[PDB]
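Residues per chain are reported as follows:
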Amino acid sequence: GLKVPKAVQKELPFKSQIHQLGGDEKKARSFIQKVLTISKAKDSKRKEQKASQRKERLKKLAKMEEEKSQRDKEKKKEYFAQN
Amino acid sequence: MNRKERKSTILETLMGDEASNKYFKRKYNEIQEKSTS
Amino acid sequence: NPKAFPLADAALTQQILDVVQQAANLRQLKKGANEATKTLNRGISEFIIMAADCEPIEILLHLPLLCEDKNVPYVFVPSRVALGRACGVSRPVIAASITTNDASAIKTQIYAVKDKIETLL
Amino acid sequence: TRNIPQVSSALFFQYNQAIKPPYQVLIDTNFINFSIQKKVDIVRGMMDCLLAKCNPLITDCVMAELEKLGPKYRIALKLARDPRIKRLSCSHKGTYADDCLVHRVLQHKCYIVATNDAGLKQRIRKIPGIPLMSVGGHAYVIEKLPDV
Amino acid sequence: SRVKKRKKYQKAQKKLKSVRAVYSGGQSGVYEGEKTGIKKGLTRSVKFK
Amino acid sequence: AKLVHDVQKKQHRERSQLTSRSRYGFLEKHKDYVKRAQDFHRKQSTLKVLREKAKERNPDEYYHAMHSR
Amino acid sequence: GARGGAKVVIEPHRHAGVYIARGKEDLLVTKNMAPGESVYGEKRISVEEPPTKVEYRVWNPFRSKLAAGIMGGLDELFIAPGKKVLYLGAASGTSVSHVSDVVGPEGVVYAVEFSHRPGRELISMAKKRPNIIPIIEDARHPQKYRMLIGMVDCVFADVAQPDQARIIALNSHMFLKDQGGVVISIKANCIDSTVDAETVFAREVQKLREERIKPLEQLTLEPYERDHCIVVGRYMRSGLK
Amino acid sequence: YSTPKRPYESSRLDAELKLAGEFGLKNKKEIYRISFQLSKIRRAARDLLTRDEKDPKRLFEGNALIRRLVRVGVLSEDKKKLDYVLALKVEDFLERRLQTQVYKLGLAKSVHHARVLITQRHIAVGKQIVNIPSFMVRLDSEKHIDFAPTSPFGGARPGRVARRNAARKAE
Amino acid sequence: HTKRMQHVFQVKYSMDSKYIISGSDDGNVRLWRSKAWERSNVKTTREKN
Amino acid sequence: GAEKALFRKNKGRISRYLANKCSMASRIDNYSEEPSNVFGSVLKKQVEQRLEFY
RNA sequence: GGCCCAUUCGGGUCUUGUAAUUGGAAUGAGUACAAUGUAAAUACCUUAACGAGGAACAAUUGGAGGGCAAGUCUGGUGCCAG
RNA sequence: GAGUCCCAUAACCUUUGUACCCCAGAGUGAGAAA
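Residues numbered from 1 in each chain as written, not as in the entry; some residues may be left out. Chains lettered and ligands numbered in written order. Part of a larger assembly, values for the part shown. Heavy atoms only, no water. Residues with missing side-chain atoms left out of burial classes, pairs and counts.

In terms of determination method and resolution, the entry is listed under cryo-EM at 4.74 Å.

Structure (structure tokens):
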């Protein structure tokens with residue numbers, strides 16, 4: 001982690017200063033820290049999965065808008081060709 | 001359930017099952033191999 | 001007025017047993033009261049056939065209570081002895097039920113009798 | 001209480017298995033006018049285009065719109081009142097017919113919509129599994145009807 | 001082509017289930033509660049305007 | 001994929017560090033460095049603001065919460 | 001799953017008088033008018049509260065269409081605490097008891113049924129529930145039991161006939177308040193099996209509209225039942241426009 | 001058969017997807033063949049409908065048509081009117097294909113199992129072994145669908161693989 | 001008047017004198033209040049005064 | 001009645017056998033406005049014949 | 001974990017996945033004792049024996065996307081872009 | 001100074017003893033006897 005020099009740390013204004021049962025229960029407390037580690041990792045893997053398809057999605061959406069953007073241009077060439 | 005199986009908390013009923021605890025011990029050990037890497 | 005009610009006439013009984021006798025060939029038929037009781041609670045029955053000459057008739061009058069609570073059509077017919085002959089079993093049958101399958105080869109026949117049955121009720 | 005409408009049980013993706021003969025067609029105001037222009041009977045043409053019995057429906061809104069048009073379109077009003085045409089009641093204040101037909105379609109998925117208005121046509125196109133009917137050339141045409 | 005279409009349809013039937021619930025005979029056995037949760041703020045009703 | 005063979009589209013395997021150099025560690029790659037460079041620049045950028053943030057500090061600034069902290 | 005000696009977290013639902021019992025699974029749950037027994041063998045919750053042992057009953061959607069309607073996400077359910085309810089089609093207490101649970105002791109449930117065999121059970125259940133009056137009578141002729149009914153704020157109908165719409169009109173006209181609630185369960189096969197269900201669903205809606213009922217909502221009862229919906233409306237005598 | 005007016009409608013494509021999957025059709029060609037027959041029959045019924053009631057042509061041709069449609073089994077006995085002919089859909093004909101009856105009668109547990117059994121010469125209608133899955137069964141023919149006598153499943157000796165494996169077990 | 005009425009051919013007063021019935025060639029029989037500002041509801045003695 | 005042994009391999013067979021006769025008897029009593037005991041007598045006699053047989 | 005919707009953020013749904021192992025049946029192309037067929041003969045039909053797990057008894061055609069190097073080329077405002 | 005107000009008149013676990021049990025469950029559905 002970043003370590004701010006104490007000379008920089010000292011001369012800062014007020015707002016932003018860096019601030020620097022056993023037995024069964026242990027098996028039933030280590031267990032709770034066990035499961036919450038599972039859910040966070042599972043969510044983080046599902047969440048990052050979603051962003052991957054999002055990048056794919058915005059890309060496949062981007063090739064349709066350009067086709068939609070371009071084809072409209074010719075329609076306004078033939079339309080105003082009459083006018 | 002058998003009266004012995006009923007417990008005063010879900011965690012006790014959950015911690016009673018053997019299949020679930022084995023699965024977490026295996027899976028939790030896997031994550032540290034990724035997290036402590 | 002009679003406990004066994006409504007009772008199909010000579011004609012309507014005719015198409016019913018024809019559905020029953022074929023339905024046995026197709027393994028679509030549950031035969032006898034306890035199977036009739038079985039199907040109603042599981043809600044897999046089209047409609048239920050009951051013999052009106054049953055000894056005693058009250059042995060099967062529980063089924064209409066189950067049947068109409070589940071909104072399942074039901075009917076009575078004169079002779080148990082004929083139903084077993086249709087049903088294909090070598091003993092009399094007092095109650096029978098047709099199980100639910102929209103993929104059955106006889107959906108039109110069953111629905112045809114079902115419609116008449118509803119009008120009778 | 002955030003709300004997400006369920007997709008109609010009648011629909012398999014873009015296919016409406018629910019619609020079967022005979023069909024229901026909701027009639028738009030322009031559809032009468034163009035029909036008279038092309039000398040195409042309302043009932044015969046539908047049954048010709050679709051090869052099925054057709055049960056046309058005119059709502060209060062479109063009926064109001066026709067009879068708003070004035071003396072010039074009294075013929076359209078008369079044809080619109082043909083007894084083979086059934087009429088459909090409405091319960092919303094506006095006489096705007098375009099939105100009323102759309103609202104009915106989103107909600108019930110047996111209805112064909114007979115119209116030529118370009119504005120209406122795209123919207124019903126966006127709504128999934130709604131056959132679109134129009135009069136073009138010398139007879140009617142049905143676009144999103146798999147059975148034809 | 002037959003086999004390929006067969007896998008296509010059963011895949012599509014699966015896809016149908018995700019976009020909407022699809023009838024599967026009702027309840028079989030004891031009622032085990034709603035597998036996946038009841039969402040309190042959710043209505044799926046089509047509204048009459 | 002237009003007018004391309006699958007042989008045209010073939011996987012090239014990643015070479016490893018020399019056994020003579022095994023002690024020092026893994027052989028970095030372009031992907032590895034962009035992690036190193038990005039992390040360094042982020043830290044320098046935040047440090048950059050803090051220094052500028054310190055220099056323009058007004059010695060006469062008063063916020064009430066100093067009596068507590 | 002929802003096995004006896006296990007425990008669940010019971011919590012209020014959006015519709016007053018309804019609860020969710022959470023756990024490994026969730027359950028739609030309503031508090032018991034009559035603790036200590038089940039009307040149709042349903043599952044029950046018991047909580048110790050200061051200590052009195054209050055009981056709740058689990059609600060099975062596959063047995064009661066209304067419960068499945070809640071679960072499909074019905075926005076408005078007029079059935080609520082302290083409200084008079086007219087339940088048409090009271091085959092038994094399978095659904096009526098739960099409706100009686102929602103209204104509470106202050107409210108009442110007017111249960112209507114025709115056949116005699118189910119009514120005997122309805123009578124038996126209705127007795128243990130003082131807020132329930134079992135009106136075993138034909139709904140097609142409300143004038144027969146107008147003597148026994150006053151105003152009802154919501155009318156619910158599970159009656160399975162081709163001619164439901166007319167029945168709803170008469171009962172709504174005689175007994176329902178202005179701006180009152182109406183909740184109709186529609187089975188396509190019973191009304192018109194020739195045509196697809198979805199067509200019947202629109203057709204009944206129009207019958208409600210000409211009966212001065214502005215319908216508000218319709219929900220298909222998938223996956224609990226096939227070819228069904230609950231239609232919710234408001235009885236606006238003044239004007240549906 | 002004839003190609004449709006617009007083969008590329010998404011609703012259409014989903015239509016053939018559902019039909020082929022639920023009936024196990026090999027390709028879209030069978031669907032268009034059945035659609036062609038349905039178009040012809042419905043056009044004939046339409047033209048008859050145009051004719052005046054009690055017209056001798058209308059009466060005679062309509063009666064013959066409805067009787068044929070009853071015999072093939074598509075049109076029910078109680079629906080003997082040209083309007084119900086006009087109400088027909090391809091699904092009714094496709095039900096009448098032999099695959100569907102082999103599946104629905106219980107001889108086969110799937111449309112594909114029915115297809116293979118039919119093309120494998122295990123199915124007999126009366127005296128005739130039918131290996132054409134597109135065979136259209138009538139009401140009378142429906143009840144006579146059985147296993148062909150020459151089939152191992154129809155009363156004959158075990159197939160080649162059965163006796164071969166039994167032999168290899170023997171020594 | 002209104003667009004929707006095309007040619008008045010029959011006009012009648014409601015027998016209570018409170019409404020006007022009009023019949024035009026457009027095919028619609030319309031009802032009108034004899035006094036547009038008046039309302040058919042029973043009034044309180046205060047409102048009546 | 002399997003929790004308090006009301007109805008109680010050959011022993012089980014009578015239990016399954018007798019349980020059915022209790023079930024039918026309940027039907028006869030429950031829906032008869034004024035049930036009699038004539039059927040109960042012969043139904044019990046049928047059980048007695050089965051009891052001797054096993 | 002899979003899947004659906006959504007420009008956006010996000011939202012919605014639940015028995016799924018195998019690029020894992022394994023079992024016994026069915027039979028066609030074929031190869032063929034034959035017979036039939038025919039002026040004769042081919043072919044068709046019928047029918048002994050053999051004839052399937054990569055069932056290698058190894059149908060195609062077209063279209064949309066990826067990703068990989070101590071590799072190579074090109075423009076630049078490092079570490080980028082094509 | 002300090003939770004009576006969750007029955008130490010009790011709950012739970014362990015040992016011993018007594019009496020019974022080792023079938024399916026949303027039970028299966030045509031054999032059995034010879």
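So that's the structure; there's more coming.
Draft legend 1. The arrangement of the overall build of chain G in detail. Each helix and strand counted, chain G has six helices and twelve strands in total. Since a compact globule built from 241 residues should have a radius of gyration of about 18 Å, the 18 Å found for chain G is in line with a globular shape. (Helix = DSSP H or I, 4+ residues; strand = E, 2+ residues; numbered from the N terminus. Rg over C-alpha atoms; globule rule 2.2 N^0.38 Å.)

Draft legend 2. Main features of the overall build of chain A. Counting its secondary structure elements, chain A contains two helices and zero strands. Here the C-alpha atoms of chain A give a radius of gyration of 29 Å, more than 25% beyond the 12 Å that 2.2 N^0.38 yields for 83 residues. In terms of its C-alpha atoms, chain A occupies a principal-axis envelope of roughly 85 × 50 × 20 Å.

Draft legend 3. Inspection of the sheet that holds strand 3 (residues 74-77) of chain C at higher detail. Residue and element names in this part refer to chain C. The strand order across the open sheet built from four strands is 1-4-2-3, with neighbouring strands paired in mixed fashion. Looking at which strands have only one partner, the edges of the open sheet turn out to be strand 1 (29-31) and strand 3. Strand-to-strand, the axes of this sheet are offset by a mean angle of 20°, without reference to chain direction. (Pairing = 2+ DSSP bridges. Axes fitted to C-alpha atoms, helices over the stretch in contact; angles between N-to-C directions.)

Draft legend 4. Local environment of the pairing of strand 9 (residues 152-157) of chain G. All names here are of chain G. Summarising the sheet, strand 6 (residues 85-88) and strand 9 pair through four bridges and their orientation is parallel. Directly across from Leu 88, in strand 9, lies its bridge partner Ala 157. The pairing of strand 9 with strand 10 (residues 176-187) spans five bridges and is classified as parallel. Of the residues in strand 10, the one forming a bridge with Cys 154 is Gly 181.

Draft legend 5. Quick look at the interface of chain G and chain E. Taken residue by residue, the interface counts 14 residues in chain G and 14 residues in chain E. Residues belonging to the side of chain G that touches chain E are distributed by class as follows: five nonpolar, three polar and six charged. The sheet contact formed by strand 1 (residues 46-47) of chain E and strand 11 (residues 213-220) of chain G spans two bridges and is antiparallel. Bridge pairing links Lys 47 of chain E to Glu 217 of chain G in strand 11 of chain G. (Contact = heavy atoms within 4.5 Å. Nonpolar A, V, L, I, M, F, W, Y, C, P; charged D, E, K, R; others polar.)

Draft legend 6. The arrangement of the sheet that holds strand 1 (residues 9-12) of chain G in detail. Residue and element names in this part refer to chain G. Spatial strand order, 1-2-3-5-4: five strands in an open sheet with antiparallel pairing. Of all strands in the sheet, those with a lone pairing partner are strand 1 and strand 4 (44-49), marking the two edges. Each strand axis lies, on average, 35° off the axis of its neighbour in the sheet, ignoring direction. Alignment of strand 4 against strand 5 (residues 52-58), held across six bridges, turns out to be antiparallel.

Draft legend 7. Main features of the pairing of strand 3 (residues 27-31) of chain G. All names here are of chain G. In the sheet, strand 2 (residues 19-22) pairs with strand 3 via three bridges, with the strands oriented antiparallel. In the sheet register, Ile 20 faces strand 3, and the bridge partner there is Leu 28. Between strand 2 and strand 3, which follow one another and run antiparallel, lie four residues. Inspection of the sheet shows strand 3 paired to strand 5 by three bridges, in the antiparallel sense. Its bridge partner lying in strand 5, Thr 30 is registered against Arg 57.

Draft legend 8. Local environment of the environment of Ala 96 of chain C. Residue and element names in this part refer to chain C. When you line up the elements, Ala 96 lands in strand 4 (residues 95-99). It is 9.2 Å that separates the C-alpha atoms of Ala 96 and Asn 34, two residues lying 62 residues apart in sequence. Residues in contact with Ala 96, not counting those within four places in the same chain, are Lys 30, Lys 31, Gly 32, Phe 47, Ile 48 and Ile 49.

Draft legend 9. Quick peek at unusual backbone geometry. Following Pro 21 of chain D, the chain continues to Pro 22 of chain D via a peptide bond in cis, the omega torsion being -10°. Tracing the backbone through its elements, the reader meets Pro 22 of chain D in the loop between strand 2 (15-16) and strand 3 (23-27). Backbone torsion omega between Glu 222 of chain G and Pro 223 of chain G reads -5°, so that peptide bond is classified as cis. You can see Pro 223 of chain G is positioned in the loop between strand 11 and strand 12 (228-235). In this structure, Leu 51 of chain D is a non-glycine residue whose phi angle is positive, near 50°. Along the chain, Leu 51 of chain D turns up in the loop between helix 2 (42-50) and strand 4 (54-59).

Draft legend 10. Fine view of the arrangement of the chains. Between chains E and G lies the most contact-rich interface of the ten pairs of chains that touch. Spatially, chain A and chain I are disjoint, and the shortest separation between their C-alpha atoms is 38 Å. Regarding chain E and chain I, the two do not touch, and the least distance separating their C-alpha atoms is 26 Å.

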